[PDB]
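Two forms, one protein chain; structure tokens for each follow separately as structure 1 and structure 2.
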Structure 1
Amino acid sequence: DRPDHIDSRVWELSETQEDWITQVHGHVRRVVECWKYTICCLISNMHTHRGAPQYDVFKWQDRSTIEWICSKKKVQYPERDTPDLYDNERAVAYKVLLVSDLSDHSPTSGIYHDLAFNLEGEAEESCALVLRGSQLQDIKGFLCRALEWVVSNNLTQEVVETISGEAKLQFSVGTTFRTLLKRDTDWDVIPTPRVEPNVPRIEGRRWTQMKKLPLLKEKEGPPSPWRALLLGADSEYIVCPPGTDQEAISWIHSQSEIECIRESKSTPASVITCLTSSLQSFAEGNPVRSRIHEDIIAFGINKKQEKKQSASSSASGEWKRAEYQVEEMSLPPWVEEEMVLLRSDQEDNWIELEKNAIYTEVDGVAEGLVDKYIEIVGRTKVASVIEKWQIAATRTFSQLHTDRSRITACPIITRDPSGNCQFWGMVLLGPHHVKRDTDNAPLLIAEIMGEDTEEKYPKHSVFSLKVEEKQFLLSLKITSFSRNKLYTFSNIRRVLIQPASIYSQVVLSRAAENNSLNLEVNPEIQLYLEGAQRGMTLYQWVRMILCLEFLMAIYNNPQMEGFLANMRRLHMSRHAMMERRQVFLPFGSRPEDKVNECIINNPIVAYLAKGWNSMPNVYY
């Protein structure tokens, strides 16, 4: 593609000076610029002054070196009108301006005295005076070669256009790419539909007023069993003597008796040996133990292969599509009692957060509200369960090497202000090699129970624990828990923020209307309780809010997410109707159908749906 007269060096140097390909007659412009640079080179061919060469080429050179040379020559040039070469024998800078007229002198700039050629080889008389003859004959030869190449390709219009003005930006779609493009549309590249622009008048439908709030569907079926990772409100601790985790576990292991009160087929009673071995190992000092023969059942080792082999052994003969059924379940009775026991007053504060610094009066106000909120919601069973969940998740996820092949023991031990250790249970992390966010790490959670049900804990296996003339119930469930859930439950203490926001808003609004902060406001708040309106004190309300948010968080699933997302519209509609406002809907509007499609088996979703269906549906 390179012209014959153009040298390889100048061609390669020109390759990237300007973007030829997106310019009109880009190749011709490249050839013209190569002509100019070659002409400049021929002007400065071995001709010297003093000790340095007479002309310095300022075209197609790095800008920083050009600035260095200019500084040495005590001159400075703008970038967008920089000269093409500098003569140090006459202290003038020159520019090549191949033109056609050879009669329009018209000094282009007063900074550099311009040099113009007629493109035939002759030079404008000033340039003829200011240059030596050998250069003139060299340029004559170079230009006669240039124009024989031009006439050999019929580019005279292109070259005169290029020497006339500057570059023009363009984009070009080829014929072949256009046909590939137009394979799936009825229009061409630039659509020109032959229709008259107008907006048609289409007859629609009427808009209906929502006279009554929608009634959610209370689903029917077997009650939902408790499916959270831990036991929630039915969780207790053993008050161990003060010390470290190892001492407490040694005390528990030595001073205990294990007998099975209730065995579930989901978690066999033979996996208690795994827990005993883990307790003994952790008491001896090493928190990680090897595999025993009862681990293959407690952790599902080689479960995938045996299930695959059984499925291969027993198979049908049709290869139908896969249909998955999610079993329908009703609101279990344990949700309300869970909400009650989670509000039970405790003896000590279970929310211990290090205070932040105080530097401004604003800072103390912020830390007073938080201190009072922690005082309100810390001495409560829900705070205890949040704490135990945080230690369990953190000690399981931090000991989650996430690549390990032996069983790790993670006791759930907290300290009371008196220093006595409190044994809530022990999680047992098993052989885990989780990589994807959907991968499940095997777990075997032993937990101290408060009361067995067989309707709320069908999969757990309850054991009797005898420690120093005291009776405790020890649950033992085989679970699989994922890295994402272990991550989000290690930060479970964030659930204290939504209840705190409500209390903060109430207190700060009362302060704003009273023009002064109190910190000891106990307002009555009206709620629809048992179907009727009753006034409650915002200290029990934040506690109910806290327990409900904790239950929602530990039961969060796609059903809960969809229910909550589609239910805010209905809650906003209720708020609108409470203010004696009218709610209108489009034609096929059934806003309760997007809420009712998420009520399948989640017990907290059913509890919220029932709470909604205990509220007034018309606001007269």
Structure 2
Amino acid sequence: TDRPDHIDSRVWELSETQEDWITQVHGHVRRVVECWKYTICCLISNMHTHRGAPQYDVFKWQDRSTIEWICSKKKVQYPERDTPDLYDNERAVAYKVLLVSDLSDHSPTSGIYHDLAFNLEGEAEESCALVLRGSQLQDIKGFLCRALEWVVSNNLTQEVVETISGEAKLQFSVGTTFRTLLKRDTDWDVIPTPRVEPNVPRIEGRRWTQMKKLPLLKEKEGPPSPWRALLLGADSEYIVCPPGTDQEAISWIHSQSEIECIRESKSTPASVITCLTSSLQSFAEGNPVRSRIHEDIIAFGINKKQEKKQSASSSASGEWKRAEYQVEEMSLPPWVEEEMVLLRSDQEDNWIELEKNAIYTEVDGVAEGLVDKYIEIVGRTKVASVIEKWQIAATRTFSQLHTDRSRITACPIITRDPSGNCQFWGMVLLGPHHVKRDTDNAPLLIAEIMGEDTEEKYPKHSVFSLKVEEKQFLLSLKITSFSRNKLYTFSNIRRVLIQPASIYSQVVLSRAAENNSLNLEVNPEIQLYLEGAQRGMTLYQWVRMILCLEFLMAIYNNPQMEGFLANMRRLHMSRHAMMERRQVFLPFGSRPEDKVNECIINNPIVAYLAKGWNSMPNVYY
């Protein structure tokens, strides 16, 4: 509690209601000082007896009526304002205990009773010294010295001296000018005193309406959304190369390849391939950084932001007006479900090779068994290979951004199979990248092997045909701009495996908890909706497509996706409630779909999730 160590518990309890400490300057400190005075009275009246009764009787902190009673037993009267702390029997002298900071000149406070003045460190006044005995003086000095060491330990010397002297500064005051400044923007004083009686009025409100059917999210109508992501995803492929270093693989590819443009986009001119070739040569010579030649200006937007300004100034005509930016609305593309069907096909290799942790206990063994099961049921899957490609590319591009250059940096995307053969996914070329803030955009030229081409899905990609040792491949060559923060985020994209692993582990451990045994081989039947029906699915395939969708959501994370996910949790909870025969009630102007509809603008996976929500039933009988 707040009791000081030297203050006795009984004294602290007795001082709780003696004075209203809240209304006094340093109420806690003055309570401690009053406890000091009471303890001094206790020590003075310790155990001396005169005629079978104690020599000194203490008037302090005693029921008042009893005080006048015991004082009238001796035929004595005292004023109400000033009452002596203790009274003696032999000398018949009333004594008041005073604590003072000086003893050189201490005149009697009043003629009614004499005073026992004590310093803060023990010494007493000469008359007080002669009245009392040596034992009392030593006890008081020791107690006051304990009080003084507690004071100096807590750095309360200034407050204690203030309370002892009695000046009692208000401890906070507001002047006149500051009060006038404060009261400028309010109708009340510093301490408001409204003249209205406290009352709670009765307000006629509205009625809560049942949500009898789940809200239907609106589907935006417009052109289908293109593939707007840093890399390919499903169409990502690699070229198999002999085992070696990145330089050796790049040299082999550059010396055993020919490139011919087959599809060209206005967004990415077909000339920029030259830049790639230059890098593919420079990296083949051990120099990942090369110099500009002629086509880096178009590829990386060199010397832009100034041609556009002069063009706008030449074309400027009219009067200034507010910005009113517009975001184009786009419909669900046909390639999203094809993407989801892909990313799930099996692969030859595991593509998830994480070193196993140690095993010391049985819990450790079951944990590693569960992790191994999850890895082998989601490992040989296209999502794993695409995640590895994304992580490698993001890290290789990020590692070349914590500096300022003006030349072209080449970041290869090369993985390795257990046999050791190199796997060429693509090549990232970094422009000048004079970046000053993490959210600033550095130019990039992304070449990367592609399986299938689509004009609708890749309108800004200039597809090239690449022939390497009688094998045919497709190359992307997109011009993009990307930030350090996003590149760092995608450098750790392997963390997306946690959520489907969480679902799988929850299912398996729930089944293990129903009985009292772990199987670790359970493949139960998850009941889902699919195309509006109610049909079963195996757990492994469910986890696989959950991984696919989670990856696709992670690579397409924008403000629209963030808002849509944040506001769809309420609707998901409402659906889960309605599936359990629970009624859902809403306030008067409640339209929870609008806060979700506002986030559906052009994000293809947001539209995919919205269509998935709309397909499954809205009414639960």
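Take the two forms, superpose them, and find the largest set of C-alpha atoms that agree within 1.5 Å; that set is the rigid core. Along the sequence of structure 1, residues get numbers from 1 upward.
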Select the option from 530, 110, 46, 166 that falls at the hinge between the two rigid parts moving between the two structures. 166
Through what angle, in whole degrees, does the smaller rigid part rotate relative to the larger one between the two structures? 123
After fitting the core, how far does the CA of residue 124 move between the two structures, in Å? 6.3
Just grab the Cα shift of residue 354 between the two structures for me, core aligned, in angstrom. 2.2
Superposed on the core, the Cα displacement of residue 60 between the two structures in Å comes to 33.7
